[PDB]
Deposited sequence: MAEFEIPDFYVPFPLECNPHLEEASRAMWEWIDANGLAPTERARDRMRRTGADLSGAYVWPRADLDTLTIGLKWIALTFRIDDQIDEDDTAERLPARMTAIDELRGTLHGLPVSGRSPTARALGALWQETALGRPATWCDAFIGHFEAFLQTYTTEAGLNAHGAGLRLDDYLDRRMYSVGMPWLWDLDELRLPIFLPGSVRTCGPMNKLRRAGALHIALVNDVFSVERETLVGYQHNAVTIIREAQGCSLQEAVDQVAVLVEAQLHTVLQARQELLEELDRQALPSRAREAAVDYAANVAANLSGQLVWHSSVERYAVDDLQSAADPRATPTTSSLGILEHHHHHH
């Protein structure tokens, strides 16, 4: 099939601190036994975790980028090492986030470091997004036990979390002049932006990736159409997500005015939303 010529209008941004943050990431990996064999070290090298982070958080300072790369490296290792066996592994990880395996121990320590001195509303948002991400491993294994075709709408509802965007973007708040107020983080336009941006990225990933849990496959198997025809339909969905991102950004500006926020908070919210938009270009280029 012919891969669509995906176009995104937002500038392509990459973090200038990649080389230094990558050395700090690898040092943490080494310290934690997250790549305890050369096989594992080679898989880690080949995943491009560091480059991935430099595209997720292009505007971050070195300290924020470095913490973000630790999360990406950890999640790579969790993914590498992954229905009852999945539930058991996932529940042990989830437990660590509540103070309840070198990978699980690393997660609990990394969470302690991340939460320290960070506001409770942010911590709760990050945990919910991270737990939603982890739970997708169990959801998809459950669905695999069923005979019926997958529903696209339910797939997208889980895919916005399995792509990881939501918790990744939570970490972008660490580089802002202040954390988002709770009334901005979970306002209508921000939720719309977060979902559409996450789905744009994920659906582009699905096209480059095409395991049943893929929008291309789901459409093809439901309709009995050709692979190219299913791809073209996913391209239409992607364009829809783009236009939803564009709309939500405008709507966010209006909502910031309705809240009568301090200038610092308005600025932080606009910068966060520009980063969400940047990621549509960065992650397209990464794929």
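Walk along the deposited sequence from position 1 and note every stretch that has no C-alpha coordinates. Model skips 1-3, 86-93, 112-116, 227-233, 311-346 of the deposited chain.
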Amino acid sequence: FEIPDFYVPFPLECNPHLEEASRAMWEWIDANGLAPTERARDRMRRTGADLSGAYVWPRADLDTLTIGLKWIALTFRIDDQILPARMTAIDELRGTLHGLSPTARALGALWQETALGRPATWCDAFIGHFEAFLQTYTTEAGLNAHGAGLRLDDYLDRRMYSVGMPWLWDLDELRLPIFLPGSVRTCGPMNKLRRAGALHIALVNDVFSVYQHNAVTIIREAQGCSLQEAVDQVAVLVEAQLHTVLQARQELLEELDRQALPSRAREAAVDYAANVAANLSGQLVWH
From here on, numbers count along this sequence of modelled residues.
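Check the entry's C-alpha temperature factors for 19-27 and 266-274, then say which stretch has the higher mean. Here the higher of the two C-alpha B-factor means belongs to 19-27.
Mean Cα B factor from the PDB record: higher for 157-165, or higher for 135-143? Between 135-143 and 157-165, it is 135-143 that shows the higher mean C-alpha B-factor.
Which of these, 227, 218, 54, 237, has its C-alpha atom at the highest B-factor, as the entry lists it? That would be 227, according to the entry.
Highest recorded Cα temperature factor - choice among 95, 128, 117, 197: Highest CA B-factor of the listed options: 95.
Chain third (lowest, middle, highest) by recorded CA B-factor, residue given as residue 214: According to the entry, residue 214 has a C-alpha B-factor in the chain's middle third.
Select lowest, middle or highest to describe the third in which the CA B-factor of residue 47 falls within its chain in this entry. Residue 47: CA B-factor falls in the highest third of its chain.
Residue 206's Cα B-factor: lowest, middle or highest third of the chain? Its C-alpha B-factor belongs to the middle third of this chain's values.
In terms of the chain's CA B-factor thirds, is residue 253 lowest, middle or highest? It belongs to the highest third of the chain when residues are ordered by C-alpha B-factor.
Ranked against its chain, the third holding the CA B-factor of residue 172: Lowest third - that is where residue 172 ends up once the chain's C-alpha B-factors are sorted.
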